[PDB]
Amino acid sequence: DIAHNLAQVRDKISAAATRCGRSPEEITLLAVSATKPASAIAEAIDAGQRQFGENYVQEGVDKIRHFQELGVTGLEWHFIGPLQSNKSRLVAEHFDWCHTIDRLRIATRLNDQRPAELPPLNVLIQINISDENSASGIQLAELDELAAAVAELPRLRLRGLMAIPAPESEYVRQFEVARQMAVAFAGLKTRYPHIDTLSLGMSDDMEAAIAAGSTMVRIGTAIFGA
Ligand SMILES: Cc1ncc(COP(=O)(O)O)c(C=O)c1O
Ligand SMILES: Cc1ncc(COP(=O)(O)O)c(C=O)c1O
């Protein structure tokens, strides 16, 4: 049951924030609906969920248009997959968030292709904090430069950071990797304006990411099936 799983996840988020002294309201739940059918999002929507994440551009845009045409308003769509330049326009025209900015060129394309009547596309810069097997995300030593360049793009808005740590089963390592991300997030927050989003944590490392200071968890399996 999707509705039951939504309520179960929100309780686990709420408990995890409370245990480490944070308000549950600090944590945004991003329902990762990738590869799930639109009918499943429809249940989530009917269960009160508004923020959905997609990894593939055309699947996402098709869903976005599906619910726009039903006249469902109030939804927030996050693109959280890797973004190739030949699909940037669909993202720039349809999505509300993009978590996967790791090169200045993809950000400038999104900026140029974003219609002016839309709000600025909220973007996060993706850090490869701990994955040698991923060709996605930058190193922390490159963050200040990319952030400063992306910060001037007027049709974008730099909101913070995202990372997908290498899979890790040890809670100790989960927390320490997430802390590195929280530390970098806090440093960015000092100088840049409106830095409020640390996209960090999935089903299995939710608690350490919340304890470390994530503001947004990306949950798929625990809501929709694997
Ligand atoms: C499940 C699914 N939906 C949609 C797409 C749409 O492809 P793209 O993201 O390259 O537009 C893909 C393939 O990449 C996919 O695997
Ligand atoms: C960026 C991102 N977040 C979250 C998930 C899925 O999260 P979960 O482990 O709960 O299925 C994936 C999808 O495979 C992902 O690529």
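Note that the numbering runs from 1 along the sequence shown for the chain.
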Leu75 meets the side-chain contact (heavy atoms from CB on, under 4.5 Å) criterion, sequence neighbours left out, with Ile45, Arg50, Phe52, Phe67, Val72, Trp77
Using modelled atom types only, decide if a donor and an acceptor are shared between the side chain of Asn5 and the backbone of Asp1 within a distance under 3.5 Å. yes
Selection residues 9-19 - residue pairs positive for side chain to side chain donor-acceptor pair (under 3.5 Å), sequence neighbours left out: none
Atom CD1 of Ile223 and atom CD of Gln8: how far apart are they, to the nearest 0.5 Å? 11.5 Å
Please list, chain by chain and in numerical order, all residues satisfying side-chain contact (heavy atoms from CB on, under 4.5 Å) with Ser169, sequence neighbours excluded. none
Would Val183 end up clustered with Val177 when hydrophobic side chains under 4.5 Å apart are linked, directly or stepwise? no
Can you tell me if CZ on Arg155 sees more than 12 non-hydrogen neighbours from other groups inside 6.0 Å? yes
According to a 4.5 Å side-chain heavy-atom criterion applied to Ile, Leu, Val, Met, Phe, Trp and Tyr, with indirect links allowed, do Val150 and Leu118 form part of one hydrophobic cluster? no
Can you list every side chain to side chain donor-acceptor pair (under 3.5 Å) pair that touches residues 132-146, not counting sequence neighbours? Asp144-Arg191
To the closest 0.5 Å, what do you measure between CG (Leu153) and CG (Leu121)? 10.5 Å
Evaluate the side-chain proximity of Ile164 to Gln126: yes if any heavy-atom separation is below 4.5 Å, no if none is. yes
Between the side chain of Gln49 and the main-chain N/O of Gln51, is any donor-acceptor distance below 3.5 Å? yes
Note: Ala34 and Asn55 closest approach over all heavy atoms is CB-OD1, 3.4 Å
Within residues 57-66 or reaching into it, pairs that qualify as side chain to side chain donor-acceptor pair (under 3.5 Å) - sequence neighbours excluded: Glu54-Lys63, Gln58-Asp62, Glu59-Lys63, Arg65-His94
Got a second to check how far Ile64's CD1 is from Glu93's CD, nearest 0.5 Å? 11.0 Å
Nearest heavy atoms of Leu6 and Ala47, plus distance in Å: CD1-CB, 3.6 Å
Quickly, which of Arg173, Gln174, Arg179, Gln180 forms a side chain to side chain donor-acceptor pair (under 3.5 Å) with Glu176? Name it, please. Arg173
Validation: residues 198-206 side-chain donor-acceptor distances under 3.5 Å, sequence neighbours left out:
residue, atom, partner, partner atom, Å
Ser199, OG, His99, ND1, 2.9
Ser199, OG, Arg218, NH1, 2.7
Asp205, OD1, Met202, N, 2.8

Taking side chain as C-beta onward, heavy atoms only, is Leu161 less than 4.5 Å from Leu143? yes
Quick one: closest heavy-atom pair of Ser85 and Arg105, and the distance? CB-NH1, 3.9 Å
Side-chain contact test, heavy atoms from C-beta onward, threshold under 4.5 Å: evaluate it for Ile219 versus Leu30 and give yes or no. no
Residue pairs, two or more places apart or on separate chains, that pass ring-ring contact (aromatic ring centres under 6.0 Å, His included) and touch residues 164-189: none
Using the ring-ring contact (aromatic ring centres under 6.0 Å, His included) criterion, which residues pair with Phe95? Sequence neighbours excluded. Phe79
Can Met162 be reached from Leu158 by stepping across I, L, V, M, F, W or Y side chains whose heavy atoms are under 4.5 Å apart? no
Evaluate the criterion side chain to side chain contact (heavy atoms under 4.5 Å, CB included) for residue pair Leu83 and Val57; output intermediate values, then yes/no. CA-CA 8 Å; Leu83 180 48; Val57 179; 4.2 Å; yes
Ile27 to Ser214 - nearest heavy-atom pair and separation: CD1-O, 3.4 Å
In short, ring-ring contact (aromatic ring centres under 6.0 Å, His included) pairs touching residues 2-40 with sequence neighbours left out are none
Heavy-atom pair with the smallest gap, counting every atom of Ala92 and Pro115: O-CD, 4.0 Å
Derivation and outcome, side chain to side chain contact (heavy atoms under 4.5 Å, CB included), residues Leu110 and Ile101: CA-CA 10 Å; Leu110 289 167; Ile101 306 288; 3.6 Å; yes
Are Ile129 and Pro165 side-chain neighbours, meaning at least one heavy-atom pair lies under 4.5 Å? yes
Just grab all the side chain to side chain donor-acceptor pair (under 3.5 Å) pairs involving residues 111-120, residues at least two apart or on different chains. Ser88-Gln113, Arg109-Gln113
Can you list everything that forms a side-chain contact (heavy atoms from CB on, under 4.5 Å) with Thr197? Sequence neighbours excluded, please. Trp97, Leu124, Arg159, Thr215, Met216
Rounded to the nearest 0.5 Å, the CG atom of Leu140 sits from the CD1 atom of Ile127 at a distance of 5.0 Å
What's the shortest heavy-atom distance between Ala178 and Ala209, and which atoms? CB-CA, 4.1 Å
Who passes side-chain contact (heavy atoms from CB on, under 4.5 Å) against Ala40, sequence neighbours left out? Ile2, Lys36, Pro37, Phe224
